[PDB]
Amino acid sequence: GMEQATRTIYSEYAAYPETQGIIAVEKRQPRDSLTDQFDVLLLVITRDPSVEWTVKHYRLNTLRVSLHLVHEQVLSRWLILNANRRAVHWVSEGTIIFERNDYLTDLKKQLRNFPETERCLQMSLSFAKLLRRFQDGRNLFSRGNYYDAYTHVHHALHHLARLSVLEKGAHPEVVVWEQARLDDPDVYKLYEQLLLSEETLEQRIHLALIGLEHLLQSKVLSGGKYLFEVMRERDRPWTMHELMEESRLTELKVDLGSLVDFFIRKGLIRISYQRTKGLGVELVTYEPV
């Protein structure tokens, strides 16, 4: 079908030992972004060391084919972080054209599951974004910059919506407000009010910031769980550099500092100071409470 139709394109890839799998996805309608506005999209997953992610475009007779070539480690990370909703669809709905080591058979199976570790990491990442948007919106609002405050407050609600979906054990999709209308009615209502309430712009932002601050408190443990679990893997305090250098925390580096600060203030993390023997300098240390 698609296997026959694209054989002259994909066969060379199948032949290269590093290829782990080939999936084909047929357009759903014309101008499908799913298939790059082409007729068929081929996803070739490889261990080729020279590859991260690239794209090739072909036409075979009348069939226009877009080929996405992606390292197995790139795709894995996208999946783990839920950073590519298209890729998820490709794998789950796509047709297996070729595989080694049952790579795609197993991948489809794994996609029906949401490992806790992945979910919790994703919650920390969302929480971190919510916290930053909230803070910026708050600060901007204080300074009477209402149009710019509205922007951050708005983005904050969106991350909160996403977090609320994660909290209920589901992956956030592009249609998140519909997800959260049930997964979390309180969050939905805040958004509805910011958008449609009869109040003034200044008042709408104020009211949104109050609701946000409150929900932000409510969800602190959700935002921190992954971090705390990593930190407890050792029976003693961490230096900031140690946290920053920890592989399990690599995706959080950008936000670690702000998160740790917030968690200290909430009494979830303990800050101390350890002076080096023979020296004057102290290292700031952090420990989960």
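Numbering starts at 1 and follows the sequence shown.
- If you average the C-alpha B-factors over 178 to 186 and over 164 to 172, the higher value belongs to 178 to 186.
- The PDB entry records a higher mean C-alpha B factor for 25 to 33 than for its counterpart among 42 to 50 and 25 to 33.
- Out of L63, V260, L227, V220, the entry records its largest CA B-factor for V220.
- Out of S124, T95, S76, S197, it is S197 whose C-alpha atom has the highest B-factor in the PDB entry.
- Sorting the modelled residues of the chain by their CA temperature factor places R138 in the highest third.
- The PDB entry assigns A5 a C-alpha temperature factor belonging to the middle third of its chain's modelled residues.
- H206 sits in the highest third of its chain by CA B factor, as recorded in the PDB entry.
- Per the PDB record, residue ranking by Cα B-factor puts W90 in the lowest third of the chain.
- Ranked by C-alpha B-factor against the other modelled residues of its chain, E251 falls in the middle third.
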